[PDB]
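# Report on the structure
Take a look at the letters that make up each chain.
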Amino acid sequence: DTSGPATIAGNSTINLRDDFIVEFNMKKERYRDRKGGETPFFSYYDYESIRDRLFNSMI
Amino acid sequence: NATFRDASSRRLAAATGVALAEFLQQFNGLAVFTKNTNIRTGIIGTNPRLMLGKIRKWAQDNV
């Protein structure tokens, strides 16, 4: 995509913009409490750690 | 024909020749894009048209 001006004229500061997406495929792991209980597959998953570490690497 | 009648005319022609020479001296050691004139950013270059422009400018000034 573009970011404003994009005419191709040898001198016009051709501006560009590429939109890409980064997808994590992570495995959810249920917790077991011995007493005979479990956590469903639809429980909350801590992504905040993932965003944190990804952003630190980018910075 | 009366251009080169007065000696003064001749002397003036000489004075203009030397001045034009010293002027044109600036057009040394630079490029001359003459096929795809699109002088790139950050290069000391020119093309025949810009030369003609500057020449006409100098001339019209010294009038």
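Residues numbered from 1 in each chain as written, not as in the entry; some residues may be left out. Chains lettered and ligands numbered in written order. Part of a larger assembly, values for the part shown. Heavy atoms only, no water.

What the deposited record gives as its method is cryo-EM, and the resolution it gives is 3.49 Å.

The name recorded for chain B in the PDB entry is Tail sheath protein, from Agrobacterium phage Milano. According to the PDB record, the title of this entry is "Structure of tail-neck junction of Agrobacterium phage Milano".

Within the PDB entry, the label attached to chain A reads Tail-terminator protein, gp18, and the organism entered is Agrobacterium phage Milano.

## Quick notes on a nonpolar patch on the surface
All names here are of chain A. Where nonpolar side chains cluster on the molecular surface, the patch consists of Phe20, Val22, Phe24, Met26, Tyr44, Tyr45, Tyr47, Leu54, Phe55 and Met58 and spans about 1,100 Å² of accessible area. One can find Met58 in helix α1 (residues 48-58). Of the residues examined, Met58 reaches a relative accessible area of 59% and is grouped as exposed. (Patch = residues over 30% accessible without salt bridge, like charges linked within 9 Å, V, L, I, M, F, W, Y side chains within 5 Å. Areas by Shrake-Rupley, 256 points an atom, 1.4 Å probe, with all protein chains shown as cover. Salt bridge = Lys/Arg side-chain N within 4 Å of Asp/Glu carboxyl O. Helix = DSSP H or I, 4+ residues; strand = E, 2+ residues; numbered from the N terminus. Buried < 20%, exposed > 50% of the residue type's maximum accessible area, 1.4 Å probe, protein only.)

## Some details on the packing of aromatic side chains
Counted according to the given criterion, the structure contains two aromatic pairs over all chains. Ring plane angle 75 degrees and centroid distance 6.2 Å describe the contact between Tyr44 of chain A and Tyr47 of chain A, whose orientation is recorded as edge-to-face. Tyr44 of chain A sits in the exposed class, given a relative accessible area of 54%. Of the residues examined, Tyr47 of chain A reaches a relative accessible area of 41% and is grouped as partly exposed. An angle of 25 degrees between the planes, with centres 5.5 Å apart, marks the rings of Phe23 of chain B and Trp58 of chain B as stacked. On the criterion of sequence distance, the pair formed by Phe23 of chain B in helix α1 (residues 7-24) and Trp58 of chain B in helix α2 (residues 48-62) is long-range, its members being 35 residues apart. (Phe/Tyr/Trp six-rings, centres within 6.5 Å; stacked < 30°, edge-to-face > 60°.)

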